[PDB]
file protein_21.txt (compact mmCIF, C-alpha atoms and all ligand atoms)
# COMPACT_ATOMS: atom_id res chain seq x y z
CA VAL A 15 -27.08 2.72 22.37
CA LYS A 16 -30.81 3.22 21.75
CA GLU A 17 -29.91 6.87 22.29
CA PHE A 18 -26.98 6.71 19.88
CA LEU A 19 -28.82 4.93 17.10
CA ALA A 20 -31.72 7.37 17.35
CA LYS A 21 -29.56 10.33 16.34
CA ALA A 22 -27.69 8.14 13.85
CA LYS A 23 -30.90 6.97 12.18
CA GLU A 24 -32.01 10.58 11.70
CA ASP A 25 -28.83 11.73 9.95
CA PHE A 26 -28.85 8.73 7.64
CA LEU A 27 -32.50 9.26 6.68
CA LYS A 28 -31.73 12.84 5.68
CA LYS A 29 -28.95 11.84 3.31
CA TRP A 30 -30.88 8.74 2.25
CA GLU A 31 -33.78 10.94 1.16
CA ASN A 32 -31.42 13.48 -0.40
CA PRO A 33 -28.34 11.71 -1.77
CA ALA A 34 -25.51 13.94 -3.01
CA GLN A 35 -24.18 13.50 -6.54
CA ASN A 36 -21.47 14.83 -8.88
CA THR A 37 -19.30 16.10 -6.02
CA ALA A 38 -16.07 15.81 -8.03
CA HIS A 39 -14.47 15.06 -11.40
CA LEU A 40 -11.88 12.58 -12.71
CA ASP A 41 -9.40 15.34 -13.60
CA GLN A 42 -9.10 16.39 -9.95
CA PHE A 43 -7.41 13.15 -8.93
CA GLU A 44 -4.10 11.64 -9.95
CA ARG A 45 -4.35 7.98 -10.99
CA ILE A 46 -1.40 6.29 -9.27
CA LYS A 47 -1.91 2.54 -8.83
CA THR A 48 -4.41 -0.33 -8.97
CA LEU A 49 -5.05 -2.06 -5.63
CA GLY A 50 -7.89 -4.37 -6.51
CA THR A 51 -9.73 -5.44 -9.59
CA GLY A 52 -12.70 -7.61 -10.36
CA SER A 53 -15.83 -8.40 -12.31
CA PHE A 54 -16.88 -4.89 -13.35
CA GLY A 55 -14.49 -2.43 -11.77
CA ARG A 56 -11.21 -1.82 -9.99
CA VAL A 57 -9.93 0.25 -7.10
CA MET A 58 -7.08 2.70 -7.62
CA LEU A 59 -4.86 4.59 -5.19
CA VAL A 60 -5.54 8.15 -6.22
CA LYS A 61 -4.28 11.59 -5.18
CA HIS A 62 -6.52 14.64 -4.80
CA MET A 63 -4.56 17.57 -6.24
CA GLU A 64 -6.40 20.37 -4.47
CA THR A 65 -5.97 18.98 -0.95
CA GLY A 66 -2.97 16.79 -1.74
CA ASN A 67 -4.86 13.89 -0.15
CA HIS A 68 -4.78 10.21 -1.11
CA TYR A 69 -7.99 8.22 -1.62
CA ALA A 70 -9.18 4.83 -2.84
CA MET A 71 -11.08 5.36 -6.05
CA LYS A 72 -13.56 2.67 -7.09
CA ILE A 73 -14.21 2.74 -10.83
CA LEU A 74 -17.27 0.97 -12.29
CA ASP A 75 -17.52 0.16 -15.99
CA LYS A 76 -21.18 1.03 -16.59
CA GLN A 77 -21.71 -1.41 -19.45
CA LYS A 78 -20.21 -4.15 -17.29
CA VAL A 79 -22.51 -3.36 -14.39
CA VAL A 80 -25.40 -3.74 -16.83
CA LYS A 81 -24.35 -7.08 -18.37
CA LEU A 82 -23.92 -8.52 -14.89
CA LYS A 83 -27.34 -7.19 -13.90
CA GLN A 84 -25.91 -5.19 -10.99
CA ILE A 85 -27.52 -1.84 -11.71
CA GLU A 86 -29.77 -1.68 -8.66
CA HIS A 87 -26.97 -3.10 -6.50
CA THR A 88 -24.55 -0.39 -7.62
CA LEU A 89 -27.17 2.29 -6.96
CA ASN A 90 -27.73 0.73 -3.54
CA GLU A 91 -24.01 0.94 -2.66
CA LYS A 92 -23.51 4.59 -3.55
CA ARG A 93 -26.84 5.78 -2.09
CA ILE A 94 -26.12 3.90 1.16
CA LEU A 95 -22.47 4.98 1.52
CA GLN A 96 -23.20 8.66 0.91
CA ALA A 97 -25.54 8.46 3.87
CA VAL A 98 -24.01 6.17 6.51
CA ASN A 99 -21.57 7.27 9.19
CA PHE A 100 -19.70 4.96 11.58
CA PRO A 101 -16.03 4.54 12.62
CA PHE A 102 -15.64 1.07 11.17
CA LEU A 103 -17.08 2.03 7.77
CA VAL A 104 -14.78 3.54 5.15
CA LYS A 105 -15.95 7.00 4.13
CA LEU A 106 -17.37 7.92 0.76
CA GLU A 107 -15.72 11.30 0.13
CA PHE A 108 -16.80 11.81 -3.50
CA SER A 109 -18.92 10.13 -6.14
CA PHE A 110 -19.38 11.13 -9.77
CA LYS A 111 -19.67 9.72 -13.25
CA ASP A 112 -18.73 10.29 -16.87
CA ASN A 113 -19.54 8.70 -20.25
CA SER A 114 -18.33 5.21 -19.39
CA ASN A 115 -17.85 4.99 -15.66
CA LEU A 116 -19.15 5.36 -12.14
CA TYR A 117 -16.75 6.54 -9.48
CA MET A 118 -16.66 6.26 -5.73
CA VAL A 119 -13.72 8.05 -4.14
CA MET A 120 -13.21 7.06 -0.53
CA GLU A 121 -10.68 7.18 2.25
CA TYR A 122 -7.50 5.24 1.58
CA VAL A 123 -6.64 2.69 4.28
CA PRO A 124 -2.98 1.78 3.72
CA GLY A 125 -3.06 -0.94 6.38
CA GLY A 126 -4.10 -3.56 3.85
CA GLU A 127 -6.68 -6.32 4.05
CA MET A 128 -7.28 -8.41 7.18
CA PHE A 129 -7.03 -11.31 4.71
CA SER A 130 -3.33 -10.71 3.97
CA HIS A 131 -2.17 -10.46 7.57
CA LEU A 132 -4.46 -13.35 8.47
CA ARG A 133 -3.18 -15.63 5.70
CA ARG A 134 0.43 -14.49 6.38
CA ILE A 135 0.09 -14.86 10.17
CA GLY A 136 -1.95 -18.04 9.85
CA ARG A 137 -4.48 -17.41 12.62
CA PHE A 138 -5.13 -14.81 15.32
CA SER A 139 -5.15 -15.43 19.05
CA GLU A 140 -8.69 -15.36 20.42
CA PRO A 141 -8.28 -11.93 22.09
CA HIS A 142 -7.00 -10.36 18.85
CA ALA A 143 -9.98 -11.92 17.04
CA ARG A 144 -12.54 -10.80 19.62
CA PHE A 145 -11.16 -7.27 19.19
CA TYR A 146 -12.08 -7.47 15.50
CA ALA A 147 -15.38 -9.28 16.01
CA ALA A 148 -16.49 -6.67 18.51
CA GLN A 149 -15.99 -4.04 15.82
CA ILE A 150 -18.06 -6.03 13.34
CA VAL A 151 -20.72 -6.61 16.02
CA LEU A 152 -21.15 -2.90 16.72
CA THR A 153 -21.06 -1.93 13.05
CA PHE A 154 -23.76 -4.54 12.39
CA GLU A 155 -25.92 -2.98 15.11
CA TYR A 156 -25.47 0.36 13.38
CA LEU A 157 -26.29 -0.87 9.85
CA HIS A 158 -29.17 -3.02 11.07
CA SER A 159 -30.50 -0.18 13.22
CA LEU A 160 -30.85 1.63 9.88
CA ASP A 161 -32.52 -1.36 8.11
CA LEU A 162 -29.40 -2.07 6.07
CA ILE A 163 -28.17 -5.63 5.52
CA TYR A 164 -24.45 -5.83 4.66
CA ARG A 165 -24.22 -9.28 2.99
CA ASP A 166 -20.51 -9.54 2.18
CA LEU A 167 -18.56 -9.95 5.41
CA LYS A 168 -15.18 -11.70 4.96
CA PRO A 169 -11.47 -10.97 5.64
CA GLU A 170 -11.05 -9.68 2.07
CA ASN A 171 -13.41 -6.80 2.82
CA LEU A 172 -11.77 -5.73 6.08
CA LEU A 173 -8.94 -3.19 6.05
CA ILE A 174 -6.82 -2.26 9.04
CA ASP A 175 -6.15 1.43 9.58
CA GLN A 176 -3.26 3.07 11.46
CA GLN A 177 -4.85 2.84 14.90
CA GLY A 178 -5.21 -0.87 14.15
CA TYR A 179 -9.03 -0.83 13.91
CA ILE A 180 -11.29 -2.34 11.20
CA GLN A 181 -12.65 -0.47 8.18
CA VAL A 182 -15.38 -2.28 6.23
CA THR A 183 -15.22 -1.87 2.46
CA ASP A 184 -17.42 -2.88 -0.49
CA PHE A 185 -21.13 -2.23 -0.08
CA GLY A 186 -21.96 -3.83 -3.40
CA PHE A 187 -24.68 -5.94 -1.73
CA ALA A 188 -25.68 -3.54 1.03
CA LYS A 189 -29.41 -3.00 0.71
CA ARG A 190 -31.98 -1.09 2.74
CA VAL A 191 -34.72 -3.62 3.50
CA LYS A 192 -37.50 -4.03 6.06
CA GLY A 193 -38.75 -7.55 5.47
CA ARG A 194 -37.58 -10.59 3.52
CA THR A 195 -35.20 -10.36 0.56
CA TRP A 196 -34.27 -13.08 -1.97
CA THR A 197 -31.19 -12.00 -3.90
CA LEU A 198 -28.55 -14.73 -3.98
CA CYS A 199 -25.32 -12.89 -3.22
CA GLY A 200 -22.15 -13.08 -1.18
CA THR A 201 -19.08 -15.27 -1.09
CA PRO A 202 -19.39 -19.10 -0.91
CA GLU A 203 -17.63 -19.86 2.37
CA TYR A 204 -19.74 -17.20 4.09
CA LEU A 205 -23.21 -17.95 2.69
CA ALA A 206 -26.06 -18.62 5.16
CA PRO A 207 -28.06 -21.87 4.97
CA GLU A 208 -31.08 -19.74 4.09
CA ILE A 209 -29.41 -18.05 1.12
CA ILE A 210 -28.02 -21.24 -0.40
CA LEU A 211 -31.50 -22.70 0.04
CA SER A 212 -33.13 -19.77 -1.77
CA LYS A 213 -35.74 -19.44 0.97
CA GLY A 214 -36.07 -15.70 1.57
CA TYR A 215 -33.85 -14.39 4.35
CA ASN A 216 -33.10 -11.36 6.52
CA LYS A 217 -30.42 -9.68 8.65
CA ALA A 218 -29.77 -13.06 10.29
CA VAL A 219 -27.38 -13.79 7.42
CA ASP A 220 -24.91 -11.09 8.48
CA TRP A 221 -24.80 -12.68 11.93
CA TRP A 222 -24.09 -16.09 10.40
CA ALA A 223 -21.30 -14.61 8.28
CA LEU A 224 -19.90 -13.14 11.55
CA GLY A 225 -19.73 -16.64 12.97
CA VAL A 226 -17.72 -17.69 9.92
CA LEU A 227 -15.44 -14.69 10.32
CA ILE A 228 -14.61 -15.28 14.01
CA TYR A 229 -13.90 -18.92 13.25
CA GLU A 230 -11.58 -18.31 10.28
CA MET A 231 -9.80 -15.56 12.18
CA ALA A 232 -9.29 -17.95 15.09
CA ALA A 233 -8.73 -21.22 13.20
CA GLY A 234 -6.59 -20.03 10.32
CA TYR A 235 -9.14 -21.71 8.04
CA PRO A 236 -12.89 -21.55 7.21
CA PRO A 237 -15.38 -23.83 8.98
CA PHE A 238 -16.62 -24.92 5.52
CA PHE A 239 -14.25 -25.29 2.57
CA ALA A 240 -13.69 -27.53 -0.45
CA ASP A 241 -12.36 -26.89 -3.95
CA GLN A 242 -15.85 -26.42 -5.40
CA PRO A 243 -18.73 -24.14 -4.24
CA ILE A 244 -21.38 -26.87 -4.29
CA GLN A 245 -19.12 -28.98 -2.07
CA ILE A 246 -18.94 -26.01 0.28
CA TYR A 247 -22.73 -25.54 0.27
CA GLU A 248 -23.16 -29.15 1.35
CA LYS A 249 -21.12 -28.49 4.47
CA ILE A 250 -22.89 -25.22 5.16
CA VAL A 251 -26.43 -26.66 5.23
CA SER A 252 -25.25 -29.85 6.97
CA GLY A 253 -25.59 -28.33 10.41
CA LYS A 254 -22.22 -29.83 11.36
CA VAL A 255 -19.10 -27.87 12.36
CA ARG A 256 -15.78 -28.93 13.90
CA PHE A 257 -13.51 -26.72 15.99
CA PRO A 258 -9.74 -26.81 16.60
CA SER A 259 -8.57 -28.04 20.02
CA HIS A 260 -7.23 -24.63 21.01
CA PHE A 261 -10.70 -23.11 20.71
CA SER A 262 -11.90 -21.94 24.12
CA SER A 263 -15.09 -23.46 25.52
CA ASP A 264 -16.86 -20.11 25.30
CA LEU A 265 -15.72 -19.58 21.71
CA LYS A 266 -17.22 -22.92 20.73
CA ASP A 267 -20.49 -21.99 22.43
CA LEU A 268 -20.70 -18.48 20.97
CA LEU A 269 -19.99 -20.11 17.60
CA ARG A 270 -22.46 -22.97 18.03
CA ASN A 271 -25.23 -20.37 18.21
CA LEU A 272 -23.84 -18.11 15.51
CA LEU A 273 -23.57 -20.88 12.94
CA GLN A 274 -27.10 -22.04 13.77
CA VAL A 275 -28.74 -23.45 10.62
CA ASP A 276 -32.15 -22.82 12.17
CA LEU A 277 -32.57 -19.04 12.01
CA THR A 278 -35.26 -19.15 14.72
CA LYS A 279 -32.57 -20.31 17.12
CA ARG A 280 -29.60 -18.28 15.78
CA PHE A 281 -27.92 -15.67 17.97
CA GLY A 282 -28.60 -12.17 16.70
CA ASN A 283 -32.04 -12.97 15.26
CA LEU A 284 -33.66 -13.69 18.64
CA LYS A 285 -35.91 -11.58 20.88
CA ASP A 286 -32.79 -9.96 22.36
CA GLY A 287 -30.89 -10.01 19.09
CA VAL A 288 -27.54 -8.25 19.27
CA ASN A 289 -27.38 -8.51 23.09
CA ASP A 290 -27.46 -12.33 23.02
CA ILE A 291 -24.15 -11.65 21.26
CA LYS A 292 -22.75 -8.67 23.17
CA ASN A 293 -23.62 -10.27 26.53
CA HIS A 294 -21.91 -13.55 25.58
CA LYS A 295 -19.19 -15.12 27.69
CA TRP A 296 -16.44 -15.06 25.08
CA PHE A 297 -17.10 -11.29 25.05
CA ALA A 298 -17.38 -10.95 28.83
CA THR A 299 -14.10 -8.97 28.80
CA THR A 300 -15.07 -6.66 25.94
CA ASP A 301 -15.65 -2.99 26.77
CA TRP A 302 -17.96 -1.98 23.91
CA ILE A 303 -18.06 1.77 24.51
CA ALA A 304 -14.26 1.56 24.75
CA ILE A 305 -14.06 -0.32 21.48
CA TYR A 306 -16.48 2.01 19.71
CA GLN A 307 -14.30 4.85 20.98
CA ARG A 308 -11.02 3.27 19.85
CA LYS A 309 -9.60 3.65 23.36
CA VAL A 310 -8.82 -0.08 23.42
CA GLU A 311 -5.25 -1.20 22.81
CA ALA A 312 -4.92 -2.60 19.30
CA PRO A 313 -3.49 -6.14 18.97
CA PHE A 314 -1.28 -4.99 16.11
CA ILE A 315 -0.50 -1.83 14.17
CA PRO A 316 0.22 -2.06 10.44
CA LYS A 317 3.56 -0.78 9.17
CA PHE A 318 3.07 2.07 6.71
CA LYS A 319 6.03 3.72 5.03
CA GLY A 320 3.92 6.83 4.56
CA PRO A 321 0.95 8.32 2.69
CA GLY A 322 0.67 6.88 -0.80
CA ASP A 323 2.52 3.75 0.27
CA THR A 324 0.95 0.55 -1.09
CA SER A 325 3.39 -2.10 0.12
CA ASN A 326 0.52 -3.68 2.08
CA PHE A 327 -1.44 -4.35 -1.09
CA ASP A 328 -0.56 -6.88 -3.75
CA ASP A 329 0.30 -5.57 -7.21
CA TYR A 330 -2.06 -5.76 -10.18
CA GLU A 331 -1.77 -5.31 -13.94
CA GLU A 332 -2.50 -1.71 -14.96
CA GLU A 333 -4.87 -0.52 -17.69
CA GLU A 334 -5.52 2.95 -19.09
CA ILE A 335 -8.89 4.39 -18.11
CA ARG A 336 -11.01 5.15 -21.16
CA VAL A 337 -14.06 7.38 -21.44
CA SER A 338 -15.96 7.06 -24.73
CA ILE A 339 -17.18 10.14 -26.59
CA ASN A 340 -20.77 9.03 -26.05
CA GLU A 341 -22.80 8.50 -22.87
CA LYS A 342 -23.13 4.74 -22.39
CA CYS A 343 -25.97 4.04 -19.97
CA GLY A 344 -27.76 7.29 -19.15
CA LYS A 345 -31.18 6.22 -17.80
CA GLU A 346 -30.00 3.15 -15.91
CA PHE A 347 -27.59 5.16 -13.78
CA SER A 348 -29.55 8.41 -13.78
CA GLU A 349 -29.73 8.91 -10.01
CA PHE A 350 -26.09 8.02 -9.37
CA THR B 5 -4.25 -31.69 9.39
CA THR B 6 -7.21 -29.44 8.53
CA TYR B 7 -4.81 -26.49 8.32
CA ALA B 8 -2.77 -28.47 5.77
CA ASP B 9 -5.78 -29.53 3.69
CA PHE B 10 -6.74 -25.88 3.56
CA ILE B 11 -3.27 -24.74 2.46
CA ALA B 12 -3.23 -27.47 -0.20
CA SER B 13 -6.81 -26.59 -1.26
CA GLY B 14 -7.35 -24.20 -4.14
CA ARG B 15 -9.30 -21.86 -1.86
CA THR B 16 -6.74 -19.86 0.08
CA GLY B 17 -6.63 -16.89 -2.26
CA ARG B 18 -9.03 -13.93 -2.40
CA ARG B 19 -12.47 -15.40 -2.87
CA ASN B 20 -14.76 -13.93 -5.51
CA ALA B 21 -18.36 -13.00 -4.72
CA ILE B 22 -21.22 -14.72 -6.52
CA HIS B 23 -24.79 -13.87 -7.49
CA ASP B 24 -25.36 -14.94 -11.08
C1 LIG C 401 -7.58 -0.06 -0.29
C2 LIG C 401 -8.80 0.75 0.06
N1 LIG C 401 -8.79 1.87 0.76
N2 LIG C 401 -10.03 2.36 0.90
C3 LIG C 401 -10.97 1.57 0.30
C4 LIG C 401 -12.35 1.58 0.14
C5 LIG C 401 -12.98 0.53 -0.59
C6 LIG C 401 -12.24 -0.56 -1.16
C7 LIG C 401 -12.89 -1.70 -1.91
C8 LIG C 401 -14.29 -1.77 -2.13
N3 LIG C 401 -14.87 -2.80 -2.80
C9 LIG C 401 -14.12 -3.83 -3.30
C10 LIG C 401 -12.72 -3.89 -3.15
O1 LIG C 401 -11.83 -4.92 -3.63
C11 LIG C 401 -12.28 -6.11 -4.37
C12 LIG C 401 -12.78 -6.01 -5.89
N4 LIG C 401 -14.10 -6.65 -5.93
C13 LIG C 401 -12.76 -4.58 -6.50
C14 LIG C 401 -14.02 -3.92 -7.07
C15 LIG C 401 -13.89 -3.04 -8.13
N5 LIG C 401 -15.10 -2.55 -8.49
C16 LIG C 401 -16.09 -3.07 -7.69
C17 LIG C 401 -17.48 -2.87 -7.67
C18 LIG C 401 -18.32 -3.54 -6.72
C19 LIG C 401 -17.73 -4.42 -5.79
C20 LIG C 401 -16.30 -4.62 -5.82
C21 LIG C 401 -15.47 -3.97 -6.75
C22 LIG C 401 -12.13 -2.79 -2.45
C23 LIG C 401 -10.82 -0.53 -0.96
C24 LIG C 401 -10.19 0.49 -0.26
call {"tool": "encode", "arguments": {"input": "protein_21.txt", "output": "structure tokens"}}
result
Amino acid sequence: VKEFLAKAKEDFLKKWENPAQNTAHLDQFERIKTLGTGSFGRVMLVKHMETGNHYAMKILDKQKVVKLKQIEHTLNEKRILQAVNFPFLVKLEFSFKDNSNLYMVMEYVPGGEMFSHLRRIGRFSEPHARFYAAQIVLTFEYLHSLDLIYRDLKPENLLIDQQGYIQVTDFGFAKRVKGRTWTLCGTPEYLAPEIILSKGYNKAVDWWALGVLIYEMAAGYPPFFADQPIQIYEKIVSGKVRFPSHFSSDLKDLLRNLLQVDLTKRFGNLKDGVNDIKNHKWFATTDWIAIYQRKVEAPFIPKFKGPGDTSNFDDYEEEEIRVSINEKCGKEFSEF
Amino acid sequence: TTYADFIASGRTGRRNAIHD
């Protein structure tokens, strides 16, 4: 580990200090279908004509990034993804820009979101969940080893590849930080007590989000939910959590320390950090090197009818991409 | 049941991120 991260940290720092830009153009890909939309961009299934490959292209409306005050965040995402390298992180193949947009072309993961299978299946058996948690746990050791905080863990951001392993998407809040940070960001159900309380926080929030993940994965529902965000925040800071009857004793214990309101008593952010997690009972059967190597038998393999297939993604209204004749936000996105 | 209250709750779809 300490040996692994060492090398890893050095390759990231090189790209970090020398990010690559303009490695492709829009005309080299074939726009085929929208797979996800949102606030200021959308992801499209695209086809690279020269290699005949399929990729997930993330298109950011520059003016929209600006009105939502997400400039620095967007720069964070691209700069960080062009430099990280781990098996549970989707790869940033190309990144470029034109008059109106920012583009991040990455590997296409046809398996679909963990969210869909989860909601469709209802809830995962503990083993199947631990197999996913483990992957998040390792990936978080990687990111954190590099001073990165992820900040948006949740089923929606987890894709399942062919081998059945996790692929983390969306680094819109990923940030390289040594020290406290104060940006309020994330998704309601997963917010840490610290964040909601606007009290300056650290990596400990990713570990809390992990606790929420494991629980939803294993309960079928979130540990804190209500129809309105404020309602949800009241449960989050309450320091109270209930667990289904099927939850194993160990799982309740591992979770009691993960969802620890007091971040000076929360697993992950202790003197042993990660290990307090990796050496936990619920994980006692986990073979980490095995998991990091993908040699572990996957709980379930997604059904893919082939490359370019999108039957594991919901449909979405289409819209023609438009690039104005004039540059829209030159200076703001200069380094992208 | 908690599972039922969740299914009947308006929060079972893809949840949007917040910040501002
Ligand atoms: C299906 C797929 N294969 N590979 C990848 C990589 C990355 C994504 C991805 C990344 N981020 C968000 C995603 O979906 C939710 C929406 N918020 C879409 C979105 C569009 N533009 C932005 C900009 C910043 C954050 C999110 C989004 C999917 C999907 C896929």
call {"tool": "residues_around", "arguments": {"input": "protein_21.txt", "residues": "stretch 5-18 of chain B", "least_positions_apart": "5", "cutoff": "9 Å", "atoms": "all atoms listed in the file", "output": "list in words"}}
result
residues 129, 133, 169, 170, 233, 234, 235, 236, 239, 240, 241, 242 and 258 of chain A
call {"tool": "interface_residues", "arguments": {"input": "protein_21.txt", "of": "chain A", "to": "chain B", "cutoff": "6 Å", "atoms": "all atoms listed in the file", "output": "list in words"}}
result
residues 198, 199, 200, 201 and 241 of chain A
call {"tool": "write_last_selection", "arguments": {"input": "protein_21.txt", "atoms": "C-alpha atoms", "output": "compact mmCIF listing (two decimals), keeping the file's coordinate frame"}}
result
# COMPACT_ATOMS: atom_id res chain seq x y z
CA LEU A 198 -28.55 -14.73 -3.98
CA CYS A 199 -25.32 -12.89 -3.22
CA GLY A 200 -22.15 -13.08 -1.18
CA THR A 201 -19.08 -15.27 -1.09
CA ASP A 241 -12.36 -26.89 -3.95
call {"tool": "closest_residue", "arguments": {"input": "protein_21.txt", "among": "A:175, A:25, A:184, A:334", "to": "ligand LIG 401 (chain C)", "atoms": "only C-alpha atoms and all ligand atoms"}}
result
A:184
call {"tool": "residues_near_ligand", "arguments": {"input": "protein_21.txt", "ligand": "ligand LIG 401 (chain C)", "cutoff": "8 Å", "atoms": "all atoms listed in the file", "output": "number ranges by chain"}}
result
A: 49-59, 69-74, 88, 104-105, 119-124, 126-127, 170-171, 173, 182-186, 327; B: 20-21
call {"tool": "closest_residue", "arguments": {"input": "protein_21.txt", "among": "A:40, A:60, A:160, A:135", "to": "residue A:98", "atoms": "all atoms listed in the file"}}
result
A:160
call {"tool": "atom_distance", "arguments": {"input": "protein_21.txt", "atom1": "atom CA of residue A:210", "atom2": "atom CA of residue A:152"}}
result
26.0 Å
call {"tool": "atom_distance", "arguments": {"input": "protein_21.txt", "atom1": "atom CA of residue A:214", "atom2": "atom CA of residue A:157"}}
result
19.6 Å
call {"tool": "atom_distance", "arguments": {"input": "protein_21.txt", "atom1": "atom CA of residue A:229", "atom2": "atom CA of residue A:280"}}
result
15.9 Å
call {"tool": "residues_around", "arguments": {"input": "protein_21.txt", "residues": "residue A:35", "least_positions_apart": "4", "cutoff": "7 Å", "atoms": "all atoms listed in the file", "output": "PyMOL selection string"}}
result
chain A and resi 109-110+350
call {"tool": "residues_near_point", "arguments": {"input": "protein_21.txt", "point": "(-26.5, -9.1, 18.6)", "cutoff": "8 Å", "atoms": "all atoms listed in the file", "output": "list in words"}}
result
residues 151, 155, 221, 281, 282, 283, 286, 287, 288, 289, 290, 291 and 292 of chain A
call {"tool": "residues_near_point", "arguments": {"input": "protein_21.txt", "point": "(-29.0, -2.8, -1.4)", "cutoff": "7 Å", "atoms": "all atoms listed in the file", "output": "PyMOL selection string"}}
result
chain A and resi 87+90-91+187-190
call {"tool": "axis_aligned_box", "arguments": {"input": "protein_21.txt", "around": "stretch 8-19 of chain B", "padding_each_side": "5 Å", "output": "lines of an AutoDock Vina configuration file"}}
result
center_x = -7.6
center_y = -21.7
center_z = 0.8
size_x = 19.7
size_y = 25.6
size_z = 19.9
call {"tool": "build_atoms", "arguments": {"input": "protein_21.txt", "residues": "stretch 20-31 of chain A", "atoms": "N, CA, C and O atoms", "output": "PDB file, keeping the file's coordinate frame"}}
result
ATOM      1  N   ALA A  20     -30.664   6.406  17.627  1.00  0.00           N
ATOM      2  CA  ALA A  20     -31.720   7.370  17.350  1.00  0.00           C
ATOM      3  C   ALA A  20     -31.201   8.555  16.542  1.00  0.00           C
ATOM      4  O   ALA A  20     -31.743   8.882  15.487  1.00  0.00           O
ATOM      5  N   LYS A  21     -30.150   9.195  17.040  1.00  0.00           N
ATOM      6  CA  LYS A  21     -29.560  10.330  16.340  1.00  0.00           C
ATOM      7  C   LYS A  21     -29.045   9.830  15.000  1.00  0.00           C
ATOM      8  O   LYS A  21     -29.336  10.411  13.954  1.00  0.00           O
ATOM      9  N   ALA A  22     -28.280   8.740  15.046  1.00  0.00           N
ATOM     10  CA  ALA A  22     -27.690   8.140  13.850  1.00  0.00           C
ATOM     11  C   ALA A  22     -28.732   7.885  12.770  1.00  0.00           C
ATOM     12  O   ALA A  22     -28.526   8.257  11.613  1.00  0.00           O
ATOM     13  N   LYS A  23     -29.846   7.260  13.142  1.00  0.00           N
ATOM     14  CA  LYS A  23     -30.900   6.970  12.180  1.00  0.00           C
ATOM     15  C   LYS A  23     -31.426   8.233  11.508  1.00  0.00           C
ATOM     16  O   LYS A  23     -31.744   8.216  10.320  1.00  0.00           O
ATOM     17  N   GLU A  24     -31.510   9.325  12.262  1.00  0.00           N
ATOM     18  CA  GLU A  24     -32.010  10.580  11.700  1.00  0.00           C
ATOM     19  C   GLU A  24     -31.069  11.261  10.720  1.00  0.00           C
ATOM     20  O   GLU A  24     -31.534  11.939   9.811  1.00  0.00           O
ATOM     21  N   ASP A  25     -29.758  11.101  10.886  1.00  0.00           N
ATOM     22  CA  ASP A  25     -28.830  11.730   9.950  1.00  0.00           C
ATOM     23  C   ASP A  25     -28.757  10.927   8.661  1.00  0.00           C
ATOM     24  O   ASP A  25     -28.591  11.481   7.571  1.00  0.00           O
ATOM     25  N   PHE A  26     -28.878   9.614   8.793  1.00  0.00           N
ATOM     26  CA  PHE A  26     -28.850   8.730   7.640  1.00  0.00           C
ATOM     27  C   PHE A  26     -30.093   8.970   6.776  1.00  0.00           C
ATOM     28  O   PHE A  26     -29.998   9.084   5.562  1.00  0.00           O
ATOM     29  N   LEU A  27     -31.259   9.038   7.410  1.00  0.00           N
ATOM     30  CA  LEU A  27     -32.500   9.260   6.680  1.00  0.00           C
ATOM     31  C   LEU A  27     -32.469  10.563   5.880  1.00  0.00           C
ATOM     32  O   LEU A  27     -33.040  10.642   4.793  1.00  0.00           O
ATOM     33  N   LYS A  28     -31.797  11.583   6.404  1.00  0.00           N
ATOM     34  CA  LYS A  28     -31.730  12.840   5.680  1.00  0.00           C
ATOM     35  C   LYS A  28     -30.914  12.690   4.399  1.00  0.00           C
ATOM     36  O   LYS A  28     -31.310  13.171   3.347  1.00  0.00           O
ATOM     37  N   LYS A  29     -29.779  12.015   4.484  1.00  0.00           N
ATOM     38  CA  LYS A  29     -28.950  11.840   3.310  1.00  0.00           C
ATOM     39  C   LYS A  29     -29.607  10.828   2.388  1.00  0.00           C
ATOM     40  O   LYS A  29     -29.611  10.998   1.169  1.00  0.00           O
ATOM     41  N   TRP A  30     -30.185   9.790   2.991  1.00  0.00           N
ATOM     42  CA  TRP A  30     -30.880   8.740   2.250  1.00  0.00           C
ATOM     43  C   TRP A  30     -31.940   9.339   1.337  1.00  0.00           C
ATOM     44  O   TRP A  30     -32.045   8.968   0.163  1.00  0.00           O
ATOM     45  N   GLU A  31     -32.719  10.267   1.889  1.00  0.00           N
ATOM     46  CA  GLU A  31     -33.780  10.940   1.160  1.00  0.00           C
ATOM     47  C   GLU A  31     -33.270  12.062   0.268  1.00  0.00           C
ATOM     48  O   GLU A  31     -34.019  12.616  -0.528  1.00  0.00           O
TER      49      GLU A  31
END
